[PDB]
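Take a look at the structure below.
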Amino acid sequence: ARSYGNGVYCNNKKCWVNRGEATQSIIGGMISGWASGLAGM
């Protein structure tokens with residue numbers, strides 16, 4: 001269990017790694033999800 005920010009100890013069932021890095025990443029992890037959400041019905 002943690003609470004250093006918005007996650008750290010994963011979301012709940014999933015498990016993300018390096019938010020900022022991934023975010024700032026060209027690939028865009030977070031974004032990919034946003035688009036995945038909208039596109040994902």
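Values computed for the structure shown
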read-out: Selected residue [outside any helix (DSSP H, G or I) and either basic (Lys, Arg) or out of contact with any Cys (no Cβ under 7 Å at 6 or more places or on another chain) (or both)] from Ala1, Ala35, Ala22; value: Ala1
read-out: Subset of the stretch 21-41 (residues that are surrounded by fewer than 10 Cβ atoms within 10 Å (Cβ to Cβ) and among the small types (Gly, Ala, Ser)); value: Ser36, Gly37, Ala39, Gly40
read-out: The stretch 1-37: number of residues that are among the basic types (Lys, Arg) and touching a residue at least 12 places away in the same chain (Cβ under 8 Å); value: 1
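Cβ sites come from the backbone with ideal geometry, for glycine too, and all protein chains shown count toward neighbours. No value in this document is a laboratory result; all are computed from the given coordinates.
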